[PDB]
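Coordinates as given in query_37.cif (mmCIF, C-alpha atoms):
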data_upload
loop_
_atom_site.label_atom_id
_atom_site.label_comp_id
_atom_site.auth_asym_id
_atom_site.auth_seq_id
_atom_site.Cartn_x
_atom_site.Cartn_y
_atom_site.Cartn_z
CA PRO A 18 -65.79 50.28 92.56
CA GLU A 19 -62.03 50.77 93.35
CA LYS A 20 -62.41 48.26 96.33
CA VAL A 21 -63.87 45.22 94.55
CA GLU A 22 -60.85 42.93 95.06
CA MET A 23 -60.32 44.04 98.66
CA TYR A 24 -63.91 42.98 99.40
CA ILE A 25 -63.57 39.69 97.38
CA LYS A 26 -60.51 38.94 99.45
CA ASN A 27 -62.44 39.80 102.67
CA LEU A 28 -64.84 36.91 101.89
CA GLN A 29 -62.02 34.66 103.25
CA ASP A 30 -61.37 36.64 106.40
CA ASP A 31 -61.64 34.77 109.73
CA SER A 32 -64.14 37.25 111.16
CA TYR A 33 -67.77 36.55 110.16
CA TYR A 34 -68.57 40.29 110.23
CA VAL A 35 -65.80 41.12 107.81
CA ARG A 36 -67.08 38.41 105.42
CA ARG A 37 -70.68 39.59 105.81
CA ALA A 38 -69.79 43.28 105.25
CA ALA A 39 -67.79 42.31 102.16
CA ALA A 40 -70.75 40.44 100.64
CA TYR A 41 -73.04 43.41 101.42
CA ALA A 42 -70.57 45.87 99.80
CA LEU A 43 -70.07 43.68 96.77
CA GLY A 44 -73.89 43.58 96.20
CA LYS A 45 -74.00 47.39 96.28
CA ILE A 46 -71.01 47.76 93.94
CA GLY A 47 -72.44 45.39 91.42
CA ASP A 48 -69.20 44.29 89.76
CA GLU A 49 -69.56 40.82 88.04
CA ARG A 50 -66.22 39.62 89.35
CA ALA A 51 -67.95 39.13 92.70
CA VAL A 52 -70.35 36.46 91.38
CA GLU A 53 -68.30 33.24 91.82
CA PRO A 54 -66.84 34.26 95.18
CA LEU A 55 -70.38 35.10 96.42
CA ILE A 56 -71.64 31.70 95.16
CA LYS A 57 -68.99 30.16 97.35
CA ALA A 58 -70.02 32.32 100.38
CA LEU A 59 -73.52 30.72 99.99
CA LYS A 60 -71.87 27.78 101.78
CA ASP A 61 -70.22 29.92 104.43
CA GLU A 62 -70.13 28.60 108.04
CA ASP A 63 -72.10 31.67 109.25
CA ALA A 64 -75.80 32.22 108.38
CA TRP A 65 -75.47 36.03 108.20
CA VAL A 66 -72.79 35.60 105.54
CA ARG A 67 -74.97 33.24 103.54
CA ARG A 68 -77.87 35.67 103.77
CA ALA A 69 -75.79 38.63 102.62
CA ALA A 70 -74.28 36.57 99.82
CA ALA A 71 -77.74 35.59 98.43
CA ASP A 72 -78.89 39.14 98.75
CA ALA A 73 -75.85 40.41 96.88
CA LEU A 74 -76.29 37.83 94.09
CA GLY A 75 -79.85 39.02 93.56
CA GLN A 76 -78.67 42.65 93.32
CA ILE A 77 -75.94 41.76 90.80
CA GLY A 78 -78.62 39.83 88.88
CA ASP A 79 -76.38 37.40 86.96
CA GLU A 80 -78.16 34.13 86.03
CA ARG A 81 -75.10 32.13 86.95
CA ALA A 82 -76.33 32.37 90.57
CA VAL A 83 -79.68 30.74 89.70
CA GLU A 84 -78.91 27.10 90.42
CA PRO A 85 -76.83 27.90 93.62
CA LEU A 86 -79.68 30.10 94.89
CA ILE A 87 -82.22 27.33 94.20
CA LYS A 88 -80.13 25.13 96.44
CA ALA A 89 -79.94 27.83 99.08
CA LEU A 90 -83.78 27.62 99.24
CA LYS A 91 -83.08 24.40 101.26
CA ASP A 92 -80.80 26.09 103.79
CA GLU A 93 -81.36 25.20 107.45
CA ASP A 94 -81.64 28.91 108.26
CA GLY A 95 -85.03 30.59 107.57
CA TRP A 96 -83.58 33.99 106.70
CA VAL A 97 -81.14 32.44 104.21
CA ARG A 98 -84.00 30.74 102.46
CA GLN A 99 -85.93 34.06 102.50
CA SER A 100 -82.94 35.84 100.93
CA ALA A 101 -82.53 33.19 98.28
CA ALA A 102 -86.15 33.50 97.30
CA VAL A 103 -86.05 37.30 97.03
CA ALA A 104 -82.89 36.97 95.01
CA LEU A 105 -84.42 34.44 92.58
CA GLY A 106 -87.34 36.89 92.23
CA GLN A 107 -84.97 39.68 91.29
CA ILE A 108 -83.05 37.59 88.74
CA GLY A 109 -86.40 36.61 87.11
CA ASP A 110 -85.28 33.20 85.71
CA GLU A 111 -88.10 30.63 85.14
CA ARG A 112 -85.95 27.73 86.49
CA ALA A 113 -86.76 28.95 90.02
CA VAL A 114 -90.53 28.50 89.53
CA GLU A 115 -90.98 24.94 90.81
CA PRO A 116 -88.53 25.34 93.75
CA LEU A 117 -90.33 28.59 94.79
CA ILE A 118 -93.75 26.85 94.58
CA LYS A 119 -92.36 24.42 97.16
CA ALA A 120 -91.19 27.29 99.31
CA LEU A 121 -94.72 28.66 99.44
CA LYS A 122 -95.24 25.80 102.04
CA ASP A 123 -92.19 26.71 104.09
CA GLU A 124 -92.66 26.63 107.87
CA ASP A 125 -91.51 30.29 108.23
CA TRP A 126 -94.08 32.99 107.31
CA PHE A 127 -91.29 35.28 106.01
CA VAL A 128 -90.12 32.67 103.57
CA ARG A 129 -93.66 32.09 102.23
CA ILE A 130 -94.01 35.84 101.64
CA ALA A 131 -90.73 35.94 99.70
CA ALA A 132 -91.72 32.93 97.64
CA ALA A 133 -95.05 34.51 96.67
CA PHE A 134 -93.28 37.81 95.83
CA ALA A 135 -90.74 36.14 93.65
CA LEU A 136 -93.35 34.04 91.71
CA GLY A 137 -95.21 37.27 91.00
CA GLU A 138 -92.04 38.88 89.64
CA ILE A 139 -91.12 35.93 87.48
CA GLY A 140 -94.69 36.06 86.05
CA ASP A 141 -95.12 32.34 85.24
CA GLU A 142 -98.68 30.89 85.29
CA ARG A 143 -97.64 27.58 86.79
CA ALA A 144 -97.67 29.55 90.05
CA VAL A 145 -101.40 30.51 89.72
CA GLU A 146 -102.94 27.51 91.46
CA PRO A 147 -100.41 27.37 94.31
CA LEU A 148 -100.85 31.15 94.84
CA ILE A 149 -104.71 30.69 95.04
CA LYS A 150 -104.06 28.15 97.82
CA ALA A 151 -101.90 30.68 99.67
CA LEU A 152 -104.96 32.93 99.92
CA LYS A 153 -105.87 30.59 102.88
CA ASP A 154 -102.55 30.90 104.69
CA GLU A 155 -102.72 31.49 108.40
CA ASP A 156 -100.43 34.51 108.07
CA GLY A 157 -102.06 37.69 106.86
CA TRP A 158 -98.98 39.01 105.12
CA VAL A 159 -98.58 35.72 103.21
CA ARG A 160 -102.15 35.88 101.93
CA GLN A 161 -101.68 39.48 100.88
CA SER A 162 -98.48 38.78 99.02
CA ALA A 163 -100.13 35.84 97.21
CA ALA A 164 -102.95 38.27 96.10
CA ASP A 165 -100.39 40.78 94.82
CA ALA A 166 -98.53 38.06 92.99
CA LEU A 167 -101.76 36.91 91.30
CA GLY A 168 -102.34 40.43 90.05
CA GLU A 169 -98.78 40.68 88.75
CA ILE A 170 -99.07 37.39 86.86
CA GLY A 171 -102.43 38.18 85.28
CA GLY A 172 -103.86 36.65 82.11
CA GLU A 173 -106.67 34.24 81.50
CA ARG A 174 -105.78 31.59 84.04
CA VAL A 175 -105.91 34.30 86.80
CA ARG A 176 -109.22 35.76 85.39
CA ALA A 177 -110.92 32.34 85.38
CA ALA A 178 -109.83 31.54 88.95
CA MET A 179 -110.90 34.96 90.26
CA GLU A 180 -114.37 34.40 88.63
CA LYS A 181 -114.72 31.16 90.57
CA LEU A 182 -113.52 32.65 93.86
CA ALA A 183 -115.87 35.60 93.37
CA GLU A 184 -118.66 33.03 92.87
CA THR A 185 -118.07 30.52 95.75
CA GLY A 186 -114.98 31.52 97.75
CA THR A 187 -115.07 32.80 101.31
CA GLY A 188 -113.21 35.30 103.48
CA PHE A 189 -110.05 36.89 102.11
CA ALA A 190 -110.00 34.91 98.90
CA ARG A 191 -113.45 36.24 98.14
CA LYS A 192 -112.45 39.86 98.73
CA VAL A 193 -109.36 39.37 96.51
CA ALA A 194 -111.45 37.99 93.64
CA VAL A 195 -114.14 40.62 93.82
CA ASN A 196 -111.45 43.40 93.80
CA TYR A 197 -110.02 41.66 90.75
CA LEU A 198 -113.33 41.75 88.90
CA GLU A 199 -113.95 45.40 89.81
CA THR A 200 -110.48 46.49 88.56
CA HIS A 201 -110.18 44.65 85.15
CA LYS A 202 -112.22 44.76 81.83
CA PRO B 18 -101.50 54.39 84.06
CA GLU B 19 -104.99 54.40 82.38
CA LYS B 20 -106.55 53.30 85.80
CA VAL B 21 -105.25 56.04 88.12
CA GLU B 22 -108.65 57.62 88.86
CA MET B 23 -110.39 54.27 89.25
CA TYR B 24 -107.85 53.38 91.96
CA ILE B 25 -108.07 56.89 93.60
CA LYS B 26 -111.81 56.38 93.74
CA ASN B 27 -111.30 52.87 95.24
CA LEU B 28 -109.58 54.50 98.26
CA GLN B 29 -113.16 55.33 99.40
CA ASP B 30 -114.60 51.88 98.87
CA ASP B 31 -116.25 50.18 101.87
CA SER B 32 -114.08 47.07 101.56
CA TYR B 33 -110.67 47.37 103.26
CA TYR B 34 -109.10 45.07 100.65
CA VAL B 35 -110.26 47.22 97.78
CA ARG B 36 -108.79 50.31 99.49
CA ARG B 37 -105.53 48.48 100.27
CA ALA B 38 -105.17 47.11 96.70
CA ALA B 39 -105.82 50.60 95.31
CA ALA B 40 -103.04 52.13 97.44
CA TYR B 41 -100.67 49.32 96.38
CA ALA B 42 -101.52 49.86 92.67
CA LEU B 43 -101.18 53.61 92.94
CA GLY B 44 -97.65 53.19 94.42
CA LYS B 45 -96.66 51.01 91.45
CA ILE B 46 -98.16 53.40 88.89
CA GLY B 47 -96.41 56.38 90.35
CA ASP B 48 -98.78 59.09 89.14
CA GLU B 49 -98.57 62.28 91.35
CA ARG B 50 -102.33 62.71 91.42
CA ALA B 51 -102.38 59.88 93.96
CA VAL B 52 -100.38 61.82 96.57
CA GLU B 53 -103.13 63.73 98.45
CA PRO B 54 -105.60 60.84 98.42
CA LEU B 55 -102.85 58.52 99.79
CA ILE B 56 -102.03 61.10 102.52
CA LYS B 57 -105.65 60.83 103.53
CA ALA B 58 -105.53 56.98 103.52
CA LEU B 59 -102.71 57.32 106.13
CA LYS B 60 -105.63 57.90 108.53
CA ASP B 61 -107.68 55.01 107.22
CA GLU B 62 -109.63 52.86 109.75
CA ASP B 63 -107.69 49.73 108.64
CA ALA B 64 -103.97 49.23 109.43
CA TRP B 65 -103.26 47.36 106.17
CA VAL B 66 -104.55 50.37 104.25
CA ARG B 67 -102.37 52.74 106.23
CA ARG B 68 -99.36 50.52 105.63
CA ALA B 69 -99.95 50.32 101.89
CA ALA B 70 -100.56 54.06 101.72
CA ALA B 71 -97.19 54.86 103.41
CA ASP B 72 -95.46 52.38 101.19
CA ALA B 73 -97.00 53.92 98.08
CA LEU B 74 -96.05 57.46 99.17
CA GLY B 75 -92.43 56.37 99.53
CA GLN B 76 -92.48 54.85 96.02
CA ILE B 77 -93.98 58.01 94.50
CA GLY B 78 -91.30 59.96 96.39
CA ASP B 79 -93.00 63.38 96.56
CA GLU B 80 -91.84 65.48 99.55
CA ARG B 81 -95.39 66.59 100.23
CA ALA B 82 -95.81 63.26 102.08
CA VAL B 83 -92.92 64.04 104.46
CA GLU B 84 -94.78 65.65 107.34
CA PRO B 85 -97.78 63.15 107.15
CA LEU B 86 -95.31 60.24 107.14
CA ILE B 87 -93.48 61.70 110.16
CA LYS B 88 -96.79 61.62 111.96
CA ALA B 89 -97.43 58.07 110.83
CA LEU B 90 -94.22 57.13 112.71
CA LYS B 91 -96.47 57.46 115.84
CA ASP B 92 -99.13 55.05 114.56
CA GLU B 93 -100.43 52.48 117.05
CA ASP B 94 -99.64 49.73 114.54
CA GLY B 95 -95.99 48.53 114.37
CA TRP B 96 -96.05 47.72 110.65
CA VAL B 97 -97.48 51.15 109.81
CA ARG B 98 -94.65 52.79 111.66
CA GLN B 99 -92.19 50.46 109.85
CA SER B 100 -93.68 51.48 106.49
CA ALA B 101 -93.54 55.14 107.32
CA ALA B 102 -89.89 54.88 108.21
CA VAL B 103 -88.95 53.03 105.02
CA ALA B 104 -90.91 55.60 103.08
CA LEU B 105 -89.15 58.56 104.75
CA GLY B 106 -85.86 56.78 103.90
CA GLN B 107 -86.84 56.58 100.25
CA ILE B 108 -87.92 60.23 100.03
CA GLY B 109 -84.55 61.26 101.57
CA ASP B 110 -85.75 64.53 103.23
CA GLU B 111 -83.66 65.71 106.25
CA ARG B 112 -86.82 66.74 108.21
CA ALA B 113 -87.34 63.06 109.07
CA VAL B 114 -83.95 62.78 110.84
CA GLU B 115 -84.98 63.60 114.42
CA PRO B 116 -88.28 61.63 114.27
CA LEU B 117 -86.37 58.57 112.89
CA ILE B 118 -83.73 58.86 115.66
CA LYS B 119 -86.63 58.48 118.08
CA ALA B 120 -87.88 55.46 116.19
CA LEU B 121 -84.53 53.75 116.67
CA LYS B 122 -85.90 53.12 120.27
CA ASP B 123 -89.21 51.71 119.09
CA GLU B 124 -90.45 48.62 120.94
CA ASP B 125 -90.71 46.60 117.67
CA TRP B 126 -87.43 45.24 116.23
CA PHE B 127 -88.73 45.69 112.65
CA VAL B 128 -89.34 49.36 113.21
CA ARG B 129 -85.82 49.89 114.64
CA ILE B 130 -84.36 48.22 111.54
CA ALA B 131 -86.35 50.51 109.24
CA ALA B 132 -85.33 53.57 111.21
CA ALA B 133 -81.64 52.67 110.97
CA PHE B 134 -82.02 51.96 107.22
CA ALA B 135 -83.70 55.24 106.55
CA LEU B 136 -81.10 57.31 108.54
CA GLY B 137 -78.40 55.65 106.45
CA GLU B 138 -80.17 56.63 103.23
CA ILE B 139 -80.77 60.20 104.29
CA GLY B 140 -77.01 60.41 105.13
CA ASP B 141 -77.19 62.99 107.94
CA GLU B 142 -74.47 62.88 110.65
CA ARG B 143 -76.82 63.75 113.49
CA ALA B 144 -77.71 60.06 113.29
CA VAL B 145 -74.10 58.89 113.99
CA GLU B 146 -74.23 58.77 117.78
CA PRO B 147 -77.69 57.19 118.00
CA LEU B 148 -76.62 54.58 115.39
CA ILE B 149 -73.46 53.74 117.50
CA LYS B 150 -75.83 53.06 120.41
CA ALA B 151 -77.90 50.72 118.23
CA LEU B 152 -74.80 48.54 117.85
CA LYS B 153 -75.85 47.24 121.36
CA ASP B 154 -79.44 46.43 120.44
CA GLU B 155 -80.74 43.09 121.60
CA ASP B 156 -81.86 42.25 118.05
CA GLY B 157 -79.15 41.08 115.71
CA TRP B 158 -80.76 42.49 112.60
CA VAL B 159 -81.09 45.92 114.26
CA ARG B 160 -77.39 46.00 115.13
CA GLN B 161 -76.47 44.97 111.61
CA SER B 162 -78.63 47.61 110.01
CA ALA B 163 -77.13 50.28 112.31
CA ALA B 164 -73.62 49.15 111.12
CA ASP B 165 -74.68 49.41 107.48
CA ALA B 166 -76.17 52.83 108.08
CA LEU B 167 -72.92 54.03 109.69
CA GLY B 168 -71.02 52.96 106.59
CA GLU B 169 -73.49 54.71 104.33
CA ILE B 170 -73.23 57.97 106.28
CA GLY B 171 -69.43 57.98 106.43
CA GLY B 172 -67.20 61.00 106.94
CA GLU B 173 -65.08 62.14 109.83
CA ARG B 174 -67.58 61.78 112.62
CA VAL B 175 -67.99 58.05 111.67
CA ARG B 176 -64.17 57.57 111.33
CA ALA B 177 -63.51 59.05 114.80
CA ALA B 178 -66.18 56.89 116.46
CA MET B 179 -64.98 53.71 114.74
CA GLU B 180 -61.40 54.48 115.99
CA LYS B 181 -62.72 54.62 119.55
CA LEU B 182 -64.81 51.47 119.22
CA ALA B 183 -61.85 49.67 117.67
CA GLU B 184 -59.83 50.80 120.71
CA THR B 185 -62.19 50.02 123.67
CA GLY B 186 -65.49 48.62 122.38
CA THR B 187 -66.63 45.05 122.89
CA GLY B 188 -68.58 42.40 121.00
CA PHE B 189 -70.35 43.38 117.80
CA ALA B 190 -69.50 47.05 118.01
CA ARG B 191 -65.85 46.10 118.11
CA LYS B 192 -66.10 43.87 115.03
CA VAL B 193 -67.95 46.66 113.17
CA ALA B 194 -65.23 49.22 113.97
CA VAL B 195 -62.33 46.97 113.09
CA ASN B 196 -63.98 46.12 109.71
CA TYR B 197 -64.34 49.85 109.20
CA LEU B 198 -60.64 50.48 109.78
CA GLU B 199 -59.61 47.60 107.51
CA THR B 200 -61.83 48.84 104.62
CA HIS B 201 -61.07 52.65 104.54
CA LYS B 202 -57.84 54.75 103.93
#
Let me see the structure of the file written as structure tokens.
Amino acid sequence: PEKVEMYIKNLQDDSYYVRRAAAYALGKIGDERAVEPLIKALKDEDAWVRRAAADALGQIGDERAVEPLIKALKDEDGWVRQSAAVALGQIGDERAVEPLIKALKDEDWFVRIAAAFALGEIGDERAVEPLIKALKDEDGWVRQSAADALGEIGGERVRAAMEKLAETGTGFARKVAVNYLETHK
Amino acid sequence: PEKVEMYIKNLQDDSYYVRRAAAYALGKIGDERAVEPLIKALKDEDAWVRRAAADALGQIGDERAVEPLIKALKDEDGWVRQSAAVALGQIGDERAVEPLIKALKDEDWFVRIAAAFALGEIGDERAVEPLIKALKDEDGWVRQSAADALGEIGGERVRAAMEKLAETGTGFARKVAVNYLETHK
């Protein structure tokens, strides 16, 4: 906690590693003063810095990072987008829901996982139908995370969809739905 | 919490997804009754079940899972080993230190990351020299996680090594060491 301004100041250092390490440290410390300088490091030249900055903003958890993080979901770098999604998941703000639904169709499997995870944490039923679609994703971990997110959301929209999948679905989606029906009253 | 025995019982179900979902749920619930049945699911036929079981044991955090998890660091499946390492990191027990040092040389990049992370969390200085070596890993995320773990460990063995790297090291290891010297008194 004593080193918060030293690390804020290191977000301007010429060395990418010093900037990255500063963002990482500021996420762990959790002091709110770091929020605006981290928002700025979401446009850093170096992708590792942008990743660490998103990560740190999620850890601090201040809603002021929501709109900048939503933008960072369009970053050229896959791991930045992944970090932004996890961070929006951690903050829990419903404004991320539609942008994260889009990121469920991201070309990188690791981004789609993070998008599903985050939708599950936010808990908003608009995500239900897009998560049912992700049950057919070519990546196994994506499918799985969409199933977990469906369970976390819950409620009557999830129940009704799981009845239909248990009835006519195939493959993984079927197994998900049947587990659902066995494990709820 | 009401469903703990239902999910324990589902660890014997014929469907791999029902067993996997049960392990996942039992990790979230956190009831100690789940520990021995999860230890057993670390030898499940299906790799997703073994992964979820390790993950859940780390979340519950009971030291009784330490020796079974150490064994699971030799699993044929890369993601099981990864999960076992993260879990040993979360439990924090020093008995994992030597097995995790070995897993820093794992053939999968994701395992080496998890091994570095876990050593950093356990905080034991036997890891210092092997983590300095990981600064030369071909994977960028591995190197980074080894640098973070060095910072988390700290103390005089880390200080002395970072002085030498700042003096004669090259590339990433150099940048790590110099950041170290700039950020400590």
#### Entry: CA of residue 59 in chain B to CA of residue 93 in chain B, straight-line distance in Å
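Computed distance, CA of residue 93 in chain B to CA of residue 59 in chain B, equals 12.2 Å.
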#### Entry: Within-10 Å shell of (-101.1, 48.4, 92.2) in input frame, all atoms listed in the file, as a ChimeraX atom specification
/A:165,168-169 /B:20-21,24,37-47,69,73
Select from chain A every residue with an atom at most 8 Å from any atom of chain B, then for each give the shortest pair of atoms and their distance in Å to one decimal, using all atoms listed in the file, rows by chain and rising number, as JSON lines.
{"residue": "A:23", "atom": "CA", "partner": "B:200", "partner_atom": "CA", "distance": 7.8}
{"residue": "A:32", "atom": "CA", "partner": "B:192", "partner_atom": "CA", "distance": 7.9}
{"residue": "A:34", "atom": "CA", "partner": "B:192", "partner_atom": "CA", "distance": 6.5}
{"residue": "A:35", "atom": "CA", "partner": "B:196", "partner_atom": "CA", "distance": 5.6}
{"residue": "A:38", "atom": "CA", "partner": "B:196", "partner_atom": "CA", "distance": 7.9}
{"residue": "A:192", "atom": "CA", "partner": "B:34", "partner_atom": "CA", "distance": 6.5}
{"residue": "A:193", "atom": "CA", "partner": "B:34", "partner_atom": "CA", "distance": 7.0}
{"residue": "A:196", "atom": "CA", "partner": "B:35", "partner_atom": "CA", "distance": 5.6}
{"residue": "A:200", "atom": "CA", "partner": "B:23", "partner_atom": "CA", "distance": 7.8}
### Message
Selection in question (the file shown): the PyMOL selection byres ((chain B and resi 84) around 12). Which residues does it include, as number ranges by chain?
### Response
B: 56, 59, 71, 74, 79-83, 85-91, 101-102, 104-105, 108, 110-114, 116
Atoms to include: C-alpha atoms. Write the selected residues as an mmCIF file, keeping the file's coordinate frame.
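Okay, out-v5.cif is ready:
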data_model
loop_
_atom_site.group_PDB
_atom_site.id
_atom_site.type_symbol
_atom_site.label_atom_id
_atom_site.label_comp_id
_atom_site.auth_asym_id
_atom_site.auth_seq_id
_atom_site.Cartn_x
_atom_site.Cartn_y
_atom_site.Cartn_z
ATOM 1 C CA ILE B 56 -102.030 61.100 102.520
ATOM 2 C CA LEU B 59 -102.710 57.320 106.130
ATOM 3 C CA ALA B 71 -97.190 54.860 103.410
ATOM 4 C CA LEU B 74 -96.050 57.460 99.170
ATOM 5 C CA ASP B 79 -93.000 63.380 96.560
ATOM 6 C CA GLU B 80 -91.840 65.480 99.550
ATOM 7 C CA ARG B 81 -95.390 66.590 100.230
ATOM 8 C CA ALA B 82 -95.810 63.260 102.080
ATOM 9 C CA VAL B 83 -92.920 64.040 104.460
ATOM 10 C CA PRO B 85 -97.780 63.150 107.150
ATOM 11 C CA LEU B 86 -95.310 60.240 107.140
ATOM 12 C CA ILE B 87 -93.480 61.700 110.160
ATOM 13 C CA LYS B 88 -96.790 61.620 111.960
ATOM 14 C CA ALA B 89 -97.430 58.070 110.830
ATOM 15 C CA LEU B 90 -94.220 57.130 112.710
ATOM 16 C CA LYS B 91 -96.470 57.460 115.840
ATOM 17 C CA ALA B 101 -93.540 55.140 107.320
ATOM 18 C CA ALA B 102 -89.890 54.880 108.210
ATOM 19 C CA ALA B 104 -90.910 55.600 103.080
ATOM 20 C CA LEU B 105 -89.150 58.560 104.750
ATOM 21 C CA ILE B 108 -87.920 60.230 100.030
ATOM 22 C CA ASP B 110 -85.750 64.530 103.230
ATOM 23 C CA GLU B 111 -83.660 65.710 106.250
ATOM 24 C CA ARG B 112 -86.820 66.740 108.210
ATOM 25 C CA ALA B 113 -87.340 63.060 109.070
ATOM 26 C CA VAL B 114 -83.950 62.780 110.840
ATOM 27 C CA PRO B 116 -88.280 61.630 114.270
#
### Task
Go through the shown structure with the PyMOL selection byres ((chain A and resi 103) around 8) and write out the matching residues as an MDAnalysis selection string.
chainID A and resid 72 75 99:102 104:107 131:132 134:135
### Task
Go ahead and compute the interatomic distance for CA of residue 137 in chain A and CA of residue 68 in chain A, in Å to one decimal.
21.6 Å
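Counting from CA of residue 54 in chain A, the distance to CA of residue 98 in chain A is 19.0 Å.
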#### Entry: residue 182 in chain B environment, 7 Å, all atoms listed in the file, sequence neighbours closer than 5 positions dropped, as a VMD selection string
chain B and resid 190 to 191 194
Take the residues that were just selected and, keeping C-alpha atoms, output them as a PDB file, in the frame of the given file.
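The resulting file, part-v2.pdb, is reproduced below:
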ATOM      1  CA  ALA B 190     -69.500  47.050 118.010  1.00  0.00           C
ATOM      2  CA  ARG B 191     -65.850  46.100 118.110  1.00  0.00           C
ATOM      3  CA  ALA B 194     -65.230  49.220 113.970  1.00  0.00           C
TER       4      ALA B 194
END
### Query
Restricting the calculation to all atoms listed in the file, which member of B:187, B:173, B:22, B:121 is positioned closest to residue 202 in chain B?
B:173
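If all atoms listed in the file are the atoms counted, then among B:146, B:94, B:30, B:123 the closest residue to residue 175 in chain B is B:146.
Considering the residues A:128, A:58, A:49, A:64 and counting only C-alpha atoms, residue 76 in chain A has its shortest atom-to-atom contact with A:49.
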